[PDB]
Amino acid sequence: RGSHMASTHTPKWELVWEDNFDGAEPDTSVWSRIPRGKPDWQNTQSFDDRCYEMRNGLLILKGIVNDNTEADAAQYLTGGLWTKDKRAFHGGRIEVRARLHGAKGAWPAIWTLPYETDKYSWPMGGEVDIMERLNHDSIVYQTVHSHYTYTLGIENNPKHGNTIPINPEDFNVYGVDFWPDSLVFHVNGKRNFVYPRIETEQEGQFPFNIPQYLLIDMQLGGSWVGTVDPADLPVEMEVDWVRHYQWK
């Protein structure tokens, strides 16, 4: 350009955006607290300050026993942030570094949904689970959901999810790479599994190459994780950073 060339280089992973959770609070131009909703994951989501902490340059999202008598009160309250309406991810590599804590009924998640919420439905628009950790497991699930996996029921051809062990007491790096023909899931730089775009008679098998928003949120209870043991509360997940790369 201006002073030096088509800067011709071997393409590589380039850091295009990061959040190191440096401030007194989540950057309000990127993050919002997740509101209450009906699905098992969104049951507990709360604006309560007791669900959120910045500590030691770490983001802290907590699951706690609720003390609301009100007849329409969640038994448990969880903290979550999302980039909905604030930051879109256009494929590339999304990585989150986080430390988890065992608790019966806890299933903290890191995941993405279509950014364009007035343009895509669930599950036809797709869902990418970068991390789900159940209970006290020393493994995490990485998973995709779509029209194809969920509405048509085709979960195993190709395999829509896989588990991989973690260091459960340590920080681990949860990652997904978006390509035109495939998603590739990583924990600490180890490949978990590939979700391929296949030739198929049906539709909705690979809706993922669309702008994404990122959700990071504590979750308590549901049919998948099983019952909560309040004795294991309060519980936290600690987030060191989010990094977004592009191959260029």
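Sequential numbering from 1, following the sequence displayed.
- Taking the mean C-alpha B-factor of each stretch as recorded, 207 to 215 and 194 to 202 are not equal, and the higher mean is that of 194 to 202.
- Mean C-alpha B-factor is higher over 72 to 80 than over the other stretch, the pair under comparison being 72 to 80 and 134 to 142.
- Going by the entry's values, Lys104 shows the largest Cα B-factor out of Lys104, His147, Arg97, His160.
- Ranked against the other modelled residues of its chain, the C-alpha B-factor of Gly153 as given in the entry falls in the middle third.
- In the deposited entry, the Cα temperature factor of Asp85 places it in the middle third of its chain's modelled residues.
- Ranked by C-alpha B-factor against the other modelled residues of its chain, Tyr52 falls in the middle third.
- Remark: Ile64 belongs to the highest third of its chain, ranked by C-alpha B-factor as recorded.
- When all modelled residues of the chain are sorted by CA temperature factor, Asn172 is found within the middle third.
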